[PDB]
Asks: 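This structure is in structure tokens; I'll ask about it shortly.
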Amino acid sequence: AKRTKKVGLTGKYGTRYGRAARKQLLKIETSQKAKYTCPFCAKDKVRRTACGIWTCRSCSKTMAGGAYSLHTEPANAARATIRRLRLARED
Amino acid sequence: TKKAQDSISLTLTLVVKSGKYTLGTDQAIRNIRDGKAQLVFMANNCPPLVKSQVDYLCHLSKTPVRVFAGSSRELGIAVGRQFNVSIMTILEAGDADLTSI
Amino acid sequence: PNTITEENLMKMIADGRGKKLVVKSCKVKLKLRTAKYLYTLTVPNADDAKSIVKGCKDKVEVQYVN
Amino acid sequence: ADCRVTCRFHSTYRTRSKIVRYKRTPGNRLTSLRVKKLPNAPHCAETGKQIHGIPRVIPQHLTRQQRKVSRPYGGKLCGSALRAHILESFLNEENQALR
Amino acid sequence: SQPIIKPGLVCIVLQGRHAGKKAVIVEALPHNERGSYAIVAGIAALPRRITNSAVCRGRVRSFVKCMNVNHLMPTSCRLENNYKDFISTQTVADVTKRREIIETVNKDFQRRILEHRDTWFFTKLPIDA
Amino acid sequence: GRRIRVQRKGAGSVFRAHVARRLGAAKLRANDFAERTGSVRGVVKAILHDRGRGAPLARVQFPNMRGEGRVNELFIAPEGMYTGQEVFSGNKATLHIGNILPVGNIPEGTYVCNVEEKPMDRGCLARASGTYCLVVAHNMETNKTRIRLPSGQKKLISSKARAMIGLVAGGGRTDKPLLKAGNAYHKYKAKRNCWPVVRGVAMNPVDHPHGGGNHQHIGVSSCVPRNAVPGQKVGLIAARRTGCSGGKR
RNA sequence: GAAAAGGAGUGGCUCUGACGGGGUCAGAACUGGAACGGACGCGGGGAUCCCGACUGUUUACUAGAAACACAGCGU
RNA sequence: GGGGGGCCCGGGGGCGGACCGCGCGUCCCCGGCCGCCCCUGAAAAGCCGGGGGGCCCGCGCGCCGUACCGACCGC
RNA sequence: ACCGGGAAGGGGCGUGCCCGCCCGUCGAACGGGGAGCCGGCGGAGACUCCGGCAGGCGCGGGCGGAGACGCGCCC
Ligand SMILES: [K+]
Ligand SMILES: [K+]
Ligand SMILES: [K+]
Ligand SMILES: [K+]
Ligand SMILES: [K+]
Ligand SMILES: [K+]
Ligand SMILES: [K+]
Ligand SMILES: [K+]
Ligand SMILES: [K+]
Ligand SMILES: [K+]
Ligand SMILES: [K+]
Ligand SMILES: [K+]
Ligand SMILES: [K+]
Ligand SMILES: [K+]
Ligand SMILES: [K+]
Ligand SMILES: [K+]
Ligand SMILES: [K+]
Ligand SMILES: [K+]
Ligand SMILES: [K+]
Ligand SMILES: [K+]
Ligand SMILES: [K+]
Ligand SMILES: [Mg+2]
Ligand SMILES: [Mg+2]
Ligand SMILES: [Mg+2]
Ligand SMILES: [Mg+2]
Ligand SMILES: [Mg+2]
Ligand SMILES: [Mg+2]
Ligand SMILES: [Mg+2]
Ligand SMILES: [Mg+2]
Ligand SMILES: [Mg+2]
Ligand SMILES: [Mg+2]
């Protein structure tokens, strides 16, 4: 049976710190506890180990990523633009 | 393209209903060295040392080897499993033609 | 300290590696004092007879019972 | 009865190398006996896993035969790491030359 | 298309005391319980450097074993021989033969090297720079 | 008065950085003969957390070019780098995340990080987590390259200054609120003795130019000029304007 | 908010049931100045107004606060 | 998975050194996991392995501390 | 007196060759560290004495396995 109605994982904070902060943490903290997909394993076993550092619990590969998620949207676009610039260098 | 893949899909299903095959790298090596493999099919994230070995073993046996255009999860989906499949080896085409390749 | 099989016991004696032997009555305990370890063998009194006759004359024997 | 004991070491500050256990002596007495730290055994240079066959004893106290494994890279690589080095070496020679 | 584990093929050893050393397939045993095996002869030590300034230096050491084929990596390279003429089961718990069998493979590998034959077989594979 | 807080920090002792258990200084690979005429190959060994730093670091092993053995480097990690990866350094390296190339060989539009402002200095720009520089244009006749710094300023550098392709990993770090005084205590315990902060108006006049008064208040304008002397240069230094307003573009 | 506020039961003895040798939990008869957390240990409660959001810090030896700090916000 | 094996495991047993059972807990150390961090939790002597190349019996172990005490600081 | 790398900075041996970039036998009686247990004796000492049983560091008189794995040195 569902135990809370809105606060979710921020129920650990009680009545403290105000509504705007707890709203931000629910989104941030859900993201950093998530399981992501090994770009190599192809299995859903990547977990954060420190800010910026992500390890597959199956591959055992270690990767550099975002602070609170595996891939950031700026880095996705950068990788996409860099790839097109290389292929254009090919005659 | 679009006509091309709907044949690759059609053949990949034909083998798994009528015709032998195996899923996995260790079953694929033991068959290629014995000359039972009519085809070998790999995923595009197949580990790089393992892929090098499969191609070398293939050229010695003259076993054709292609590359499926999706992750090891797509290959699992394509032949109808819930688990990732790095290598698929077809032993008898049965009702598939295999010309699609 | 360690225990020993009977055949190894005479060879240590046969090479003058023992310093003193003690016979203990309780099954009889034979204790041999080498440079490194004390060795102990347990035999019935029937068996210890022959072993002691084989006893190296250069190897001091003592007895003990109470 | 009263089974309390006094400290065995030079000082009583209970650091990680000053841990004892308790034991009853043949004169009916409760004695203290130091509990040594147990060193790890060697780990693989490529994977960081324990190397098989070596006991967790400092190698000064193990005979030469006890400190080794009987394979190329015996105590350096974990067996799987050797097989992967062998394949990489052989196959790159097959691709840097003759196509 | 075609089987490749045939007598005369050269393999690289992958596990055991002789990992990373070359060998030949004397015989391709049938398949039953326990899997798939082959009688294999190979070099254990190669001779050392010999300056002009030597019988004790330049000898060869051979091994003849039954090996699992999942522990072998074959090659293109090839090596003709006659070693099947005296290697069937005299190498199978027949210890008395098995010692002397190794002795007559030292001689051939010794003979081959002086003629400068099969250079790719008698050269060492470099590992792990 | 007495010496104020900003005057005491220059002397060292309790205000020196907390460098114990740090991995070392992070730099590009030194430019040498082989890199100038070609390219050198390294392999990513680990991805490591450094004390006091937001972005992670990478340990990369290169072969010794003047002897036998290996050489170990410490790089700031671009996002997407992974253990066991092969990187390249030199004039002939290709365009992949992680590679080190002269900025003159990099096409316009590319994201780069850890950029040298003069050749061979081993990298000093866009090093913090999430940052990058852009390559704007090449001027071939003068051998200069134009880049855009993370502040939005523009700058001209040599075309033989080197860069690493990609952007710095750890991005988004500042978007999580510190909730508690305790989370701020743990952050600055790894850097410097700079926290907590006592306000100047909360002090007595002997301690600060803002101190004293029967109400807490500054008393004069808090815009001080550029040529004010040490001990006097508090508040807002040489401000072009003040206040909160929009309309900036 | 909340132990909100408020209620009821609680000993001794003779027994019964449940859990896979072990304590606990549940129930009943009988009995005692109309007693039972029998010593010991152990919140009084509620309706409001002012100040500071909160945990934290301080005038060692007359000031513990509404003062300082703080996350957040801005220049 | 199932069948058969290898290695580690500060521990237990039997023989040496030399009375018999059964239980609930408590403390201490160890194990495999799981959780947490804008915090990621010393260094070196010393000792050992790998790759490549070149090639049983005797004797001894120096220097310094070691009694006692809350007998200490507050005249 | 205070401050400091930019200095032709030392070793192995056996002549004679060869190798070499540049401090500290300062700083912990809780961190690291080769190896100790039982019994007994005295007015006052004991992991130190005596008896017994050990441990550490020194000095002198190429094979087996299918495999995981099992069974002198110098740079
Ligand atoms: K002053
Ligand atoms: K002053
Ligand atoms: K001043
Ligand atoms: K001051
Ligand atoms: K100072
Ligand atoms: K402070
Ligand atoms: K403040
Ligand atoms: K003031
Ligand atoms: K009752
Ligand atoms: K206050
Ligand atoms: K509290
Ligand atoms: K006061
Ligand atoms: K006060
Ligand atoms: K108070
Ligand atoms: K105050
Ligand atoms: K090695
Ligand atoms: K003493
Ligand atoms: K001076
Ligand atoms: K020190
Ligand atoms: K200390
Ligand atoms: K010490
Ligand atoms: Mg004041
Ligand atoms: Mg003033
Ligand atoms: Mg308050
Ligand atoms: Mg308070
Ligand atoms: Mg006071
Ligand atoms: Mg007071
Ligand atoms: Mg004393
Ligand atoms: Mg010292
Ligand atoms: Mg110590
Ligand atoms: Mg005393």
Side-chain angles (χ1 to χ4, degrees), chain A residues 3-33 50-51 67-68, chain F residues 1-20 22 51-54 128-129 151 172-248:
Chain A
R3 299 179 287 233
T4 31
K5 171 179 171 188
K6 287 149 62 169
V7 301
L9 66 82
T10 49
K12 73 183 167 176
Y13 289 133
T15 62
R16 303 178 289 277
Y17 314 117
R19 193 184 155 103
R22 285 195 312 256
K23 193 167 51 51
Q24 182 70 5
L25 292 166
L26 173 69
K27 159 191 194 315
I28 288 264
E29 272 169 357
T30 303
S31 180
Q32 91 189 39
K33 297 183 169 61
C51 170
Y68 314 112
Chain F
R2 57 153 57 92
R3 303 282 144 171
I4 70 173
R5 180 183 47 203
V6 72
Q7 279 178 300
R8 290 195 291 114
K9 288 177 179 187
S13 65
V14 293
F15 301 105
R16 290 175 286 100
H18 295 159
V19 303
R22 276 184 204 202
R51 183 192 187 198
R53 189 195 291 273
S129 83
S151 66
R173 167 179 46 89
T174 47
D175 285 22
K176 186 186 182 169
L178 307 164
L179 204 58
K180 303 182 274 164
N183 288 333
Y185 166 89
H186 284 113
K187 157 166 177 177
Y188 297 114
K189 197 191 187 289
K191 303 174 172 254
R192 284 169 311 273
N193 182 11
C194 61
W195 185 92
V197 189
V198 182
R199 285 168 301 109
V201 290
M203 306 172 171
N204 296 312
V206 65
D207 307 309
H208 198 270
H210 291 184
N214 279 338
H215 309 274
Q216 274 186 9
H217 77 296
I218 293 170
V220 278
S221 179
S222 61
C223 304
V224 297
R226 173 60 81 193
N227 207 77
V229 305
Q232 216 185 48
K233 185 180 272 188
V234 310
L236 316 178
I237 299 154
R240 274 75 158 235
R241 59 166 296 153
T242 53
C244 193
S245 86
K248 287 286 197 304

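Just so we're on the same page: letters track the sequence lines, and every chain starts at 1. First listed ligand is number 1; within each ligand, the first listed atom is number 1.
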Asks: F/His217: which N/O/S atom is nearest the K ion (ligand 8)?
Replies: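 This turns out to be O.
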Asks: Is the distance from the K ion (ligand 8) to the nearest N/O/S atom of F/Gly212 under 3.4 Å?
Replies: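 Of the N, O and S atoms in F/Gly212, at least one lies under 3.4 Å from the K ion (ligand 8), which means yes.
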Asks: Between F/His217 and F/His215 (judged by ring centroids, cut-off 6.0 Å), do the two rings come close enough to count as a pair?
Replies: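 Centroid distance F/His217-F/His215: not below 6.0 Å, so no.
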Asks: Quick one: does F/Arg8's side chain have a donor or acceptor within less than 3.5 Å of a partner on F/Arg5's backbone?
Replies: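 No: the side chain of F/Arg8 does not pair with the backbone of F/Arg5.
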Asks: Is any side-chain heavy atom of A/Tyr17 less than 4.5 Å from a side-chain heavy atom of F/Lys180?
Replies: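 The answer is yes; the side chains approach within 4.5 Å.
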Asks: Taking the side chain as C-beta and beyond, is there a heavy-atom pair between F/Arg173 and A/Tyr68 under 4.5 Å?
Replies: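 The answer is yes; the side chains approach within 4.5 Å.
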Asks: If you check every N/O/S atom of F/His210, which is the one nearest the K ion (ligand 8)?
Replies: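 Among the N, O or S atoms of F/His210, the one closest to the K ion (ligand 8) is O.
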